[PDB]
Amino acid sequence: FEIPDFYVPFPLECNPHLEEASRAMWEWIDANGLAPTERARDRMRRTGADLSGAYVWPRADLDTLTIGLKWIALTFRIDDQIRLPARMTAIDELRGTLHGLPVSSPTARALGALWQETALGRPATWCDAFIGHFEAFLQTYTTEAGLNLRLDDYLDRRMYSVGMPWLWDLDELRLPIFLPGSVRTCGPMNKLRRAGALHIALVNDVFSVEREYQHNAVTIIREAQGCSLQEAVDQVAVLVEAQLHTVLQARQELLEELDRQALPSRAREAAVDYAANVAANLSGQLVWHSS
């Protein structure tokens, strides 16, 4: 099948602190034994999980990108390590540590350890959002297990399965100040969050269809519509364009809201920076897959 030559208007951006953060990421993994085998380390190396960080937070300072990579590497290990009797139990253990429950797992231990560092001395409103989206992300592993599909349901959840919302919540960790509550969960911003995430997720399904597993927009369409593989790819291609249309609309809608609100300049600027970074992610993941 022919993979579409996806167009995204947003300028390319890559974080220059990559080589430094990557060493620090590996140094962490080493300490906690997140990759306690060569087989497991080869899986990590092959996927370019370190490179993707450089495309998620390209405007981030060295320290932010480093905590970033640790989150990417940890969640990589969690995914690597996964009916719903079992799914519930393990997802519950992980989800517990995010609320200070003690552990009786290297992986879980590392989650709790990273979470302490991430959330320490940070606004409660920020942590709630990060954990909200990270919990939501973990929670997809339970639902998707319990369904072994409908497209609309899948879409609603794939937004969180892809990670981008909790990944984007870490982008705030490099802004001059945190986004006000009005900005973070405002109409435009939530529109952008969803549309950006799906766009990334749908392209990701197109690139990953061959390799994979039934929770794929391409597979779902093909099974429900009995149609051919290329036509399904063609349909997801339409979906993908639709997200872009929403992304572009929302960025505009945002400006209107930032103006509506009449916040102080330092804040307004931050939201403009955040959204732009989200938009940047869209072009970023294309190049990323180039390798």
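The first residue of the sequence shown is number 1, and the count goes up from there.
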Count class of coordinate-free deposited residues lying between the neighbours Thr185 and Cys186: none
Count, per the entry, the deposited residues between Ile82 and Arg83 that are not modelled, and return the matching class: none, 1 to 3, 4 to 9, or 10 or more. 4 to 9
Going by the mean C-alpha B-factor recorded in the entry, which is higher: 107-115 or 85-93? 85-93
Of 49-57 and 24-32, the one with larger mean CA B-factor: 24-32
Pick out which of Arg194, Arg77, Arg158, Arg122 has the highest C-alpha B-factor in the PDB entry. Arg122
From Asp152, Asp169, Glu135, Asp128, which pick has the Cα B-factor that tops the rest in the entry? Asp152
Tertile call for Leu179 (CA temperature factor, within chain, third-based) is the middle
Split the chain's modelled residues into thirds by Cα B-factor; is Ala267 in the lowest, middle or highest one? highest
Relative C-alpha B-factor of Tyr7, binned into the chain's lowest, middle or highest third: lowest
Record-listed C-alpha B factor of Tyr213: chain third: highest
Which third of the chain holds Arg251 when residues are ordered by C-alpha B factor: lowest, middle or highest? middle
